[PDB]
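Shown here is one chain on its own, the form deposited in one PDB entry, set out as structure tokens.
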């Protein structure tokens, strides 16, 4: 049921999604171990992910959350990196896409920093890196991230350096409490609370 529509680089929508990718790169405390060493990306393609059934599943849950939270879905656009991006865009998010060992429990994790999601493209901790060269910092191989619409609802705030949401909450927010430059990360515990809106194909770029 999924079709992928290419955006033109001239399209304002391409440009605004690219800007969110590039502008939310940061340095990571692993010195690039998981995701590679880079300050920016080479964006190769941005595609809109269109699936009516998955969209309706998302908006149905969004309305339920909204109604439980004074008509406020608390919807964000957030990055998700996973070796399972291809399954996600066809079948939707579900329990198989959860990070069982995540610091906020077994849920599906999203980041404000694109560079954080980039650390997960080849698996937890970058796995063994790219399939072709076994390099977590590969500058040749094409990578993919999702830029997703995510319903947070009432989000449980965790200050810090598939399970259930905390009672009375629809998500968890992981607030950075140490690294002053890090943006927030978020966890949802139901696949229906995220829609994979854009598929971004890119390379990390070797700094000069």
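Residue numbers count along the first chain shown, from 1. Rigid core here is just the name for the largest C-alpha set that superposes within 1.5 Å across the two forms.
Another form exists, deposited in another entry; not displayed. Remarks below refer to it.
Novice: Overlay on the rigid core first, then point out the one of 183, 141, 43, 50 whose CA is displaced 2 Å or more between the shown form and the other one.
Specialist: That would be 183.
Novice: Closer or farther: the C-alpha atoms of residue 181 and residue 21 in that other deposited form, versus the form shown, with a change of 3 angstroms or more?
Specialist: Compared with the form shown here, the C-alpha atoms of residue 181 and residue 21 sit farther apart in that other deposited form, by 3 Å or more.
Novice: Look at the CA atoms of residue 179 and residue 149: state whether they lie closer or farther apart in that other deposited form than in this form, given a difference of 3 Å or more.
Specialist: Here the pair is closer than in that other deposited form; there, farther apart.
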